[PDB]
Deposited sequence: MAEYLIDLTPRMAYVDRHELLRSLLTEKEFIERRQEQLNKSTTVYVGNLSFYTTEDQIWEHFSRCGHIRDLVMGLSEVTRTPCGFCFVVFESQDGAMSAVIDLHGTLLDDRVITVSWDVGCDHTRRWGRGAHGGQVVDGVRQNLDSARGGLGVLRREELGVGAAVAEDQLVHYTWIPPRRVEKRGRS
């Protein structure tokens, strides 16, 4: 299957101001341009993770889908502590496909998570108690 539910195609519903700031139409520009990026994306937004959930807990859950190339934790800018979400960049899109399918709405740390498809992370996106004092504030 996955040949029958085409929802397997990576689609990201919301729109964001950096995409808004780029002067493109929300049709055939930001939405169409992102599809080529998302159609090759290996990255997922996790969502609803607790503030006290550690990277080991997120790794332990998402590593059963595939190798995690990079795991970026959301961080409140003022305190550099996890702010509720995360970004799990896998090695292959098979892992990201498994994470969105299998791990969406799945209990991670006594919190039901909202694994979705993202285009790719950047230090800017990582922002929005383990004090990540090693990450340069920005």
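Of the deposited sequence, positions 129-169, 180-187 lack any modelled C-alpha atom.
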